[PDB]
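Trainee: Using only what follows, build the 3D model:
(3 chains, ligands or ions: 2)
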Amino acid sequence: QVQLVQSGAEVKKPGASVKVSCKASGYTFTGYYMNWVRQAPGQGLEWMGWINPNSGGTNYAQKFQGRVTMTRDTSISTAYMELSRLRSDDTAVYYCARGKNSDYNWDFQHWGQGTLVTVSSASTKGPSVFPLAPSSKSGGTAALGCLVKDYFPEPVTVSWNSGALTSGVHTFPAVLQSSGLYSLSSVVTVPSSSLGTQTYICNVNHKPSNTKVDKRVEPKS
Amino acid sequence: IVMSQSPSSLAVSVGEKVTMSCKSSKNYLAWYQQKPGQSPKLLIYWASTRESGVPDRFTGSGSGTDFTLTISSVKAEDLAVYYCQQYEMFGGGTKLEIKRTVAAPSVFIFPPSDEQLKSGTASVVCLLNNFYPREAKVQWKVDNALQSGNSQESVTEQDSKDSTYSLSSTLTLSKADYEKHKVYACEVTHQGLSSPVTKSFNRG
Amino acid sequence: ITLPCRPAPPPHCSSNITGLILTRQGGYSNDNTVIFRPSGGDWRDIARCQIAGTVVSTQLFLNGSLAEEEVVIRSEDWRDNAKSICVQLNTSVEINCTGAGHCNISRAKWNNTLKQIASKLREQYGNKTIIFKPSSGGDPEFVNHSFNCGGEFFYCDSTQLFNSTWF
Ligand SMILES: *[C@@H]1O[C@H](CO)[C@@H](O)[C@H](O)[C@H]1NC(C)=O
Ligand SMILES: [N+]
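Mentor: Numbering: from 1, shown residues only, chains lettered A, B, ... in the order given. Ligands and ions are numbered 1, 2, ... in the order given. Sharing the structure here:
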């Protein structure tokens, strides 16, 4: 029942600072060294630094010295990684890692869910949700969905019926518009029969803009 | 003390035997599996020591600066990227793709919502669902006239269950430009389609 | 070298330096440089060195047991930067506190001992440039060189001892 829960994704301007949290539960927080690993977007994993939860001593990577600081809060068992002089080329997914055995590090058995930090001069924008409604399709199976358009930055998470409808869900990667804004679509195939008996809802989340939206996909008239 | 992992890409069929190498530069090596959309999972935690619950087909080997991971009976769920780690260095690469029988796409077309029309834009969507291989071409025609510059497409990651890709192309116009034509057609080209599919509609 | 200290260390607290404990600088900068900092581990890292002395101290060892002949450096794992590297010195660098705030040591002999340790590390790691930099941070017990003398803990800013380069 071990759990490492990180903060939510957010946006910062170049040169600003970002402090990512990592709440740990299910073990003695003061026993295992805590590392912070950053996954560049599609460019492999690179380790950043580690912190000792007792002495608070830190060992950072030579590539991040003078730009990062790791801290802790043992009263609530929360690690913190703060990154300053934020370059626009440092947009990545930041994870916190532990390890299986208290003696040895670098064998990360547990990982946080991730934290996508974005760094850009452009401003944050909330998505616009529209329903790709069911129409003449097939097979006897209909296909519905929702279009999430004109948003920035990634990520935008789209679920269905609050996580109850997943088999057959296809959510596409983001497409970059010439205007620098993103847009994606999330679709699902269902039986034509249950169109009038069941209700299907897109649940869109865009934490950068603190935006939660729920849109009901209904047939046309 | 850098490390490399090969091969980068790697497509195989279910049940086939897979073996990937990791060249460093009973050692403390680890192998992580990152499935699409999730954080890494520690498959191997000491060159050849599998983690609890890791099925038996995953095996690690190696002693010197070279190491190896292998999957005996590959399965559709094993689709993922694989990383080899020694101390503070990760290898990268080694994306395990899946081979599959050809599957023709299912073409669907969605006109824009009156909500979006009130916004000012008008976006038509064309959905090619559950096809294989990735290669597929989408063309947009307005009143039977080829378009260009006003469309953007995206392909999904290879699904974990049926190992089939899915594509969506959105054609975005203005409400005015949209209301100045009647027919809107999506033409699809794929290996499993001798003749290009042409699913279209008209605002009638 | 003047080493400021928060609680004015009395003259009685002026121990000899009989070793140290450092930590590696993680990462991979291809530049031929190996950065070492004062240890960042917990008390377990210092206890694993087995240099039990009459003085419980962080950063550098005091009134311990010196080396037989030359410097001996034993690390539980060299390639691993998380595990600290212990050090025993041949000759001690006496550290005498003036009684007031500052605590002063030799101005130059420390550079000599630093070069000796740097060569003993060159032979272990790559024969390349070696740099000594100060702590990366931590709690006041381990961030500032602390020593338990006569029932009182004295913290001193050891930033003056780790700003050295050696080609
Ligand atoms: C040795 O340590 C004790 C207490 O740790 C201290 O009284 C003494 O001053 C140190 N050595 C010398 C020569 O003073
Ligand atoms: N520890």
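Trainee: Just list the residues touching residue A:188, thanks.
Mentor: By Cβ atoms under 8 Å, 6 or more residues apart in numbering or on different chains, residue A:188 lies in contact with A:143, A:144, A:145, A:160, A:165, A:168, A:169, A:170, A:200. Quick note: C-beta positions are derived from backbone N, CA and C, even for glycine.
Trainee: Contacts (any at all) between ligand 1 and the lengthiest strand in chain C?
Mentor: Under DSSP state E, the strand in chain C containing the largest number of residues is strand C:17-24. No: residues of strand C:17-24 are not located near ligand 1 by Cβ under 6 Å from any ligand atom, the shortest gap being 10.0 Å.
Trainee: Close to chain C: what parts of chain A are there?
Mentor: A:33, A:47, A:49-50, A:52, A:54-65, A:69, A:105-106 (Cβ under 8 Å from any Cβ of the partner chain).
Trainee: ok, residues contacting the helix or strand hosting residue C:104?
Mentor: Assigned by DSSP states H and E, residue C:104 falls within strand C:103-105. Contacts with strand C:103-105, where a contact means Cβ under 8 Å, 6+ apart, come from C:1-5, C:9, C:17, C:93-98, C:156.
Trainee: Chain A: which of these is nearest?
Mentor: residue C:156 (16.7 Å; Cβ to the nearest Cβ).
Trainee: show me the contacts for the spatially closest residue to that closest one that is not a sequence neighbour.
Mentor: Closest residue to residue C:156 apart from its sequence neighbours, by Cβ to Cβ, 6 or more residues apart in numbering or on different chains: residue C:5 at 3.9 Å. When contacts are counted by Cβ under 8 Å, 6+ apart, residue C:5 is found next to C:97, C:101, C:102, C:103, C:154, C:155, C:156, C:157.
Trainee: Same question for residue A:124.
Mentor: Each residue near residue A:124 by Cβ under 8 Å, 6+ apart is listed here: A:11, A:152, A:153, A:208, A:209.
Trainee: Now tabulate these in CSV and tack on distance to ligand 2, neighbour count and secondary structure.
Mentor: Formatted as CSV, the entries for the contacts of residue A:124 read as follows, by distance: Cβ to the nearest ligand atom, whole Å; neighbours: other Cβ atoms under 10 Å in any protein chain shown; DSSP: H, G, I helix; E, B strand; the rest coil:
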residue, distance to ligand 2, neighbour count, secondary structure
A:11, 36, 21, strand
A:152, 42, 25, strand
A:153, 38, 25, coil
A:208, 36, 22, helix
A:209, 41, 17, helix
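Trainee: In TSV: those residues, plus distance to residue B:148.
Mentor: Compiled in TSV, those are given as follows (distance: Cβ to Cβ, whole Å):
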residue	distance to residue B:148
A:11	33
A:152	25
A:153	28
A:208	32
A:209	32
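Trainee: Which residues of chain A lie near ligand 2?
Mentor: Within chain A, the positions near ligand 2 by Cβ under 6 Å from any ligand atom are A:52, A:54.
Trainee: so what are the domain limits for chain A?
Mentor: As recorded under curated CATH domains, the domains making up chain A are A:1-121, A:122-221.
Trainee: Would you agree residue B:104 is in contact with residue B:192?
Mentor: Yes: the pair residue B:104 / residue B:192 is scored as a contact, 3.4 Å apart, by Cβ atoms under 8 Å.
Trainee: how about the residues of chain C near chain B?
Mentor: So chain C meets chain B at C:26, C:27, C:28, C:79, C:80, C:81 (Cβ under 8 Å from any Cβ).
Trainee: OK, contacts around residue 142?
Mentor: Let's take chain A. With contacts defined as Cβ under 8 Å, 6+ apart, the neighbours of residue A:142 are A:134, A:135, A:189, A:190, A:191, A:192, A:195.
Trainee: Switch to chain B, please.
Mentor: If you count contacts by Cβ under 8 Å, 6+ apart, residue B:142 has them with B:181, B:183, B:184, B:185.
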